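In: Below: the sequence, then the experimentally determined structure.
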Amino acid sequence: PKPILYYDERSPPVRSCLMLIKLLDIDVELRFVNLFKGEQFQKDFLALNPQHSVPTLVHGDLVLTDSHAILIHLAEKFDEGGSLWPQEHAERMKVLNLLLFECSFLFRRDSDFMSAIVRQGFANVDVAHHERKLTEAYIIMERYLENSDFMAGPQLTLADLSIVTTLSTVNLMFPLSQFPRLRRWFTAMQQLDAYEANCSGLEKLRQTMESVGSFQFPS
Amino acid sequence: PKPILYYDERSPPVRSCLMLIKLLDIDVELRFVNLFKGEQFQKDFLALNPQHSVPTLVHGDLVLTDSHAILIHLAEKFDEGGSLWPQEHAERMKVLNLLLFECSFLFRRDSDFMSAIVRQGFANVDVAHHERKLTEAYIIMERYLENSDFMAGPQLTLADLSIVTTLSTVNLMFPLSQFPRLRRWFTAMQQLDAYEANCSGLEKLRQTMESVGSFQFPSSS
Ligand SMILES: N[C@@H](CCC(=O)N[C@@H](CS)C(=O)NCC(=O)O)C(=O)O
Ligand SMILES: N[C@@H](CCC(=O)N[C@@H](CS)C(=O)NCC(=O)O)C(=O)O
Ligand SMILES: Nc1ccc(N2CCc3sccc3C2)nc1
Ligand SMILES: Nc1ccc(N2CCc3sccc3C2)nc1
Ligand SMILES: Nc1ccc(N2CCc3sccc3C2)nc1
Ligand SMILES: Nc1ccc(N2CCc3sccc3C2)nc1
């Protein structure tokens, strides 16, 4: 049967999957899991995904509990022969490598910063520390873009979808003034029709964060 | 052109790659990058890998900067038809899913703990907090083993290699006794000839941590 996506659009990895789904016009059933109400700890979802995280994809008997696996799976099933998840091995490995950068480096550091806001209160966060950690991510991405026009090569791939949602989230706080290649790439991503899938969730994330913490991100 | 692996065996993800290299008898040129001396910030390596992390693999013009990419690449190049990185799509996705669990959950939480020891000092670390976080990973892995002998199924896969190295590192601090499936899995992993590639580096990590932090892990003799 058709894929089922457990989601909360405020989640950047969720938005990456939403962008792919829109890009490929994949017919998917959406099941909302409200992270703010802690619905990821509901007995049935916990049983389904012990990591209590979104996105989660159920496709037949297959249960995927990580956005990067979901991106790759959906690409291989609904974009067979496509260039998003390249056929050529070396090209595919480059995309995979960036997907892991997003998971291990960019998202980890953005998560550290955003969780700190929630836990400590906006005014009490060591912003200088997190500015350093996240600017380091900006620097790395700028380096990757000095070689290729997109993150993992000359064409749009799954890596760009994964990275742009988290990047847009980091950019709620930290400006991209000093990173021209990154800004050019980000602007190009925003021109994509699929980028609309990132829009609603990013603003709902901003709304929820700002309401909970009684603060405002810099304009 | 043979693959080149930049490594420090104290690194758990490095050890996962070392294990795979031994399992598949891959001819690789090892290049030691001493993390304790901050050699990952040397100009040439930093230029190669702006993440300044090991393992890093150079294979022709391909530069891989994450152990999970390295594992998959080496399996696809040197173990086509093998069970480590299954051909069947559903099985392959299951392995991939578990590799990402290692990266996003298990290693992240072990990293948080071990880095805290170095940055705060062993005596000052909120051990109760990290014990909760890492016990959660134990529980999850126990669940994954409910229906199979190995992490992603009945056969040893890349997922087992990635997970066991970090697992053994967590086990330096937190015991596995109360997790029957996980304990028997770990014991079985230790029986593999390839597990030797985890032994040397694991002990070196223990020795370095204990020397730097002036402490002893509870598992130490
Ligand atoms: N590496 C995972 C990260 C998943 C993740 O952290 N999801 C967050 C939303 S941004 C979540 O579900 N948090 C709920 C929780 O951890 O309890 C992926 O890419 O899917
Ligand atoms: N997700 C990465 C993690 C790599 C990693 O964190 N390596 C550590 C060794 S355990 C490192 O090189 N640290 C050096 C640094 O960050 O400066 C992978 O699986 O390869
Ligand atoms: N990773 C992640 C992303 C989003 C969320 N949300 C939306 C914003 C907030 S502020 C307090 C709780 C929540 C639930 N949680 C975790
Ligand atoms: N308890 C708790 C509640 C929310 C969070 N967040 C805030 C929103 C985002 S955006 C990317 C990561 C996160 C993590 N962390 C921990
Ligand atoms: N991830 C990671 C793994 C190992 C290392 N090492 C070996 C142990 C220690 S204790 C202080 C520095 C180092 C260098 N660093 C970072
Ligand atoms: N500055 C610094 C030096 C070492 C570390 N470590 C210690 C060894 C290990 S084993 C898994 C993760 C880590 C991280 N972190 C930060």
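Out: That came through fine. Residues are numbered from 1 along each chain as shown, chains lettered A, B, ... in the order given. Ligands and ions are numbered 1, 2, ... in the order given.
In: all helices for chain A, in order.
Out: Along chain A, the stretches classed as helices by DSSP state H are A:12-23, A:43-48, A:67-78, A:89-101, A:107-120, A:127-147, A:158-170, A:180-190, A:196-213.
In: Check which helices and strands the longest one sits against.
Out: Think helix A:127-147. Judged by 3 or more Cβ pairs under 8 Å, 6 or more residues apart in numbering or on different chains; DSSP states H and E, helix A:127-147 is in contact with helix A:107-120, helix A:158-170, helix A:180-190. Backbone N, C-alpha and C define where each C-beta goes, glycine included.
In: Tell me if the last one is near chain B.
Out: Going back to what we said before, that points to helix A:180-190. No: using Cβ under 8 Å from any Cβ of the partner chain, we find that helix A:180-190 stays clear of chain B, coming within 13.1 Å at best.
In: still on that earlier bit, of all the helices of chain A, which lies closest to residue B:36?
Out: helix A:127-147 (20.9 Å; Cβ to Cβ).
In: so that closest one versus helix A:158-170, what angle?
Out: Orientation check (axes from the mean of the first three to the mean of the last three Cα atoms, to 10 degrees): helix A:127-147 against helix A:158-170 gives 150 degrees.
In: Can I get helix A:127-147 as PDB, trimmed to CA atoms?
Out: This file holds the C-alpha atoms of helix A:127-147, laid out as PDB (Å, rounded to 0.1, in the frame of the first residue of the first chain):
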ATOM      1  CA  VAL A 127      24.800  32.300  22.200                       C
ATOM      2  CA  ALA A 128      28.500  33.000  21.600                       C
ATOM      3  CA  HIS A 129      29.300  29.300  22.000                       C
ATOM      4  CA  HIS A 130      26.500  28.100  19.700                       C
ATOM      5  CA  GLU A 131      27.300  30.900  17.200                       C
ATOM      6  CA  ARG A 132      30.800  29.400  17.000                       C
ATOM      7  CA  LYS A 133      29.500  25.900  16.600                       C
ATOM      8  CA  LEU A 134      27.000  26.800  13.900                       C
ATOM      9  CA  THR A 135      29.200  29.300  12.000                       C
ATOM     10  CA  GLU A 136      31.700  26.300  11.800                       C
ATOM     11  CA  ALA A 137      28.900  24.500   9.900                       C
ATOM     12  CA  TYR A 138      28.400  27.500   7.700                       C
ATOM     13  CA  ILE A 139      32.100  27.500   6.900                       C
ATOM     14  CA  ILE A 140      32.100  23.800   5.900                       C
ATOM     15  CA  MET A 141      29.000  24.200   3.700                       C
ATOM     16  CA  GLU A 142      30.600  27.200   2.000                       C
ATOM     17  CA  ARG A 143      33.700  25.000   1.300                       C
ATOM     18  CA  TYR A 144      31.500  22.300  -0.200                       C
ATOM     19  CA  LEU A 145      29.800  24.900  -2.400                       C
ATOM     20  CA  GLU A 146      33.100  26.300  -3.600                       C
ATOM     21  CA  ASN A 147      33.500  23.100  -5.600                       C
END
